[PDB]
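Okay, so here's the structure we're looking at.
We count ligands from 1, going down the list as the structure has it; atoms in each ligand are counted the same way. Just so you know, residue 1 is the first one in the sequence shown, and it goes up from there. Computed from heavy atoms alone, side chains included, the values below leave out hydrogens, waters and symmetry copies.
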Amino acid sequence: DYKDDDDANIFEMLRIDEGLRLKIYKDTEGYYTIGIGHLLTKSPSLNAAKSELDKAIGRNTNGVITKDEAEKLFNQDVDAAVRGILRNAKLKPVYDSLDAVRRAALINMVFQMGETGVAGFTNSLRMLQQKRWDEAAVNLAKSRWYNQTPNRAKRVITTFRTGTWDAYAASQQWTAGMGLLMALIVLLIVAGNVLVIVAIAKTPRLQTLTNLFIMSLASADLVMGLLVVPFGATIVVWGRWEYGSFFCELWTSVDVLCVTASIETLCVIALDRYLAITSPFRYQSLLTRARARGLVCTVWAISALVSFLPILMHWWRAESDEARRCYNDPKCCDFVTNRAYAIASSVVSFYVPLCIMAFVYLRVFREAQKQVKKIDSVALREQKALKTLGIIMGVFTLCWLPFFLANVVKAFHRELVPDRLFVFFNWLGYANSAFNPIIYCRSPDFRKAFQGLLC
Ligand SMILES: CC(C)CCC[C@@H](C)[C@H]1CC[C@H]2[C@@H]3CC=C4C[C@@H](O)CC[C@]4(C)[C@H]3CC[C@]12C
Ligand SMILES: CC(C)NC[C@H](O)COc1cccc2[nH]c3ccccc3c12
Ligand code: NA
C-alpha cells in the first residue's frame, strides 16, 4: 500500500535510536518485551508472554520473530502514541501542523519521554506549530534530554529543523563506514605488532640491543591495538562509553601509559645510539644484555608512575559543568582535565622526552656525517639503518605532536580546538601504532624475517 513506506521509515528511525531485538527479553523493570520496546505482558509467566506474542503475530513464534514482524508490532505502538498525542491539548495542534517527517520526530520523543514529557516543552511546541524551526531546535537542545542522550537528541532535533531524514542517513553510514575502518585499524595494528615481537623474539639475527628497545615500542603499540584503540573506536562509532566508570579510568590510564612508554622508549633509543657512536668503549663497558632489560622495566615503571598515579588520584579532575556532568555519567568517558594537569602531564610524559629524543638524535645524525666524508655503496647499508631510527622518531612526532600542541592550546583557551578536531588529532596518534611495523620493514633483516614467518 502507498502508506507502507512511512511505517518502515519511522520504524528504521527508532531502530537506530532505541535498537531492535528479535527474541523475547526482560526490560529493566522485568516485564517481557520484544521488538522495539513492545511490552508483551506484565505477567511473570514466559508462556503468557509468548502467548501474547503469538496472538499479535498470527503464528507460533516461540518468542522469536523477524524484522518485518517486529515492525508489525511497532506500528501498533505508533498508533497508541498518535492516540495519546491527539488527546493531549498541547500536542494535538502541533501534531496537526506537521508533515510525516516532523511527526516522526515528535512521535520519537513520545517514545522516549511520554506525552506528558513532550508536553512540557511548551515553548518549543509553540515554535514548531509556528514553523520557527531553528528556534525550536535551540530550545529543544536546552534540556536534560539533550544532555543525557545527545546522539539521539541531535538526530531528532535535526529532523524537526530540516524536515528530512538526513541525520539518520548520516548516522547509518557512519556506523557502517567507521565501524569497518576501525575494524581494519585494530587488525593492522595487532597484526603488524604481533609479527614484530615474534620476529625479534625468535630470529637470532634480529636480537639486537636496539631491537630489544623496539620490542618495547612494539609492545606498547600492541597494547594500543588490544586494550585502547578497540575501546576508543566504540566511542567514535557508538557515540558513548558502554563499559562503566571503572573501566573508563582504567582504559584512560593504559592509554596514557602506552603513549608515555613509547616516547620514553624512543628517547632511550636516541640516548643509546648517542652513547654508541660518541663513546664506543663505554658502550661496550656499560650495557650488558641484562642491564638493557633493566632500562625497559625502568621506562615502563616511570611511565606507570606518571600515568596511573595521577589518574587513580584524580589529580586531573576539573570543576566545570562539562567535567562534573561527565564524571557523574558512566556513559561519558571524555578525558576532561584541569588546565594544570593538561600541562604538567603532557610535559612530563611527552614534551621533555620529545626534546631530548629530538635534540640528542640530531647530534647523533650529524656526527655520522662528520665521520663519513666519502662516497660509498656499503655506507648506504648503514645510512639506511640509521635513517630507520630517524623515520620512526619523525613519524611519532608527526602523529602525536598535533595532539599535544592542541592539548596545551586547549588548556589556556578552549575556544580554539573543536572537540571534532581534538578527537581527530588523537586518532592521528593512534595511527602511529600501525605505522611502526610498516617502517620496520625498511631494513633488510626484518624484511626477510617477516617474509619467512608468513610463507
Ligand atoms: C597493558 C599493561 C597493563 C601491561 C604492561 C606490559 C608490560 C609487562 C610489558 C611492557 C613492555 C614489556 C617488556 C618489553 C620487552 C622485554 C624484553 C624481553 O626480551 C624481555 C621482557 C621485556 C622486558 C618486556 C617485559 C614485559 C613488558 C615490560
Ligand atoms: C581518549 C583519551 C583518554 N586518550 C589519551 C591519549 O591517547 C593519550 O593522552 C596522554 C598521554 C600521555 C600523557 C598525557 N597527558 C595528557 C593530558 C590531557 C590529555 C591527554 C594526556 C596524555
Ligand atoms: Na564518566
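- Comment: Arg325 does not engage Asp329 in a salt bridge, judged by the lack of any side-chain N to carboxylate O separation of less than 4.0 angstrom.
- The presence of a protein heavy atom under 4.0 Å from atom 18 (C) of ligand 1 is confirmed.
- Between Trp241 and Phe247, the distance separating the two ring centers is not shorter than 6.0 angstrom.
- The nearest protein heavy atom to atom 3 (C) of ligand 1 is not closer than 4.0 Å.
- Geometrically, ligand 2 and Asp255 share a nitrogen or oxygen pair separated by less than 3.5 Å.
- Residue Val296 has at least one heavy-atom neighbour below 4.0 Å for each of these atoms of ligand 1: 13 (C), 14 (C), 23 (C).
- In the model, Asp255 has a side-chain atom that pairs as donor or acceptor with a side-chain atom of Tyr430 under 3.5 Å.
- Using cut-offs of 30° and 60° for the angle between ring planes, the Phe422 and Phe403 rings count as tilted.
- With a heavy-atom cut-off of 4.0 Å, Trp400 touches ligand 2 through its side chain alone.
- Comparing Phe422, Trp427, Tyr351, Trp251 against atom 1 (C) of ligand 2, the shortest heavy-atom distance belongs to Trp251.
- Counting only heavy atoms, the protein gets under 4.0 Å from atom 23 (C) of ligand 1.
- For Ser346, the closest heavy-atom approach to ligand 2 falls below 4.0 Å.
- A cation-pi arrangement is not found for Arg324 relative to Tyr327, the charged atom failing to lie both closer than 6.0 Å to the ring centre and inside a 45° cone about the ring normal.
- Relative orientation of the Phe396 and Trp400 rings is tilted, given thresholds of 30° and 60° on the angle between their planes.
- For the Na ion (ligand 3), the N/O/S atoms of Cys333 include none lying under 3.0 Å.
- With a heavy-atom cut-off of 4.0 Å, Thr260 touches ligand 2 through its side chain alone.
- At least one protein heavy atom sits closer than 4.0 Å to atom 13 (C) of ligand 1.
- Note on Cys332: counted as a metal contact of the Na ion (ligand 3), an N/O/S atom lying under 3.0 Å.
- The pair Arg414-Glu322 meets the salt-bridge criterion, with a side-chain N (NZ, NE, NH1 or NH2) lying under 4.0 Å from an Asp/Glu carboxylate O.
- In this structure, atom 8 (C) of ligand 1 has no protein heavy-atom contact shorter than 4.0 Å.
- Between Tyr361 and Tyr274, the ring center distance fails the sub-6.0 Å criterion.
- Taking any N or O of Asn407, backbone or side chain, none lies under 3.5 Å from an N or O belonging to ligand 2.
- Ranking protein heavy atoms by distance to atom 16 (C) of ligand 1, first place goes to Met215 CE, 3.9 Å.
- The name of the N, O or S atom in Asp329 nearest to the Na ion (ligand 3) is O.
- Taking the six-membered ring where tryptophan is involved, the planes of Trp165 and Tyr168 are perpendicular, since the angle between them exceeds 60° and thus also 30°.
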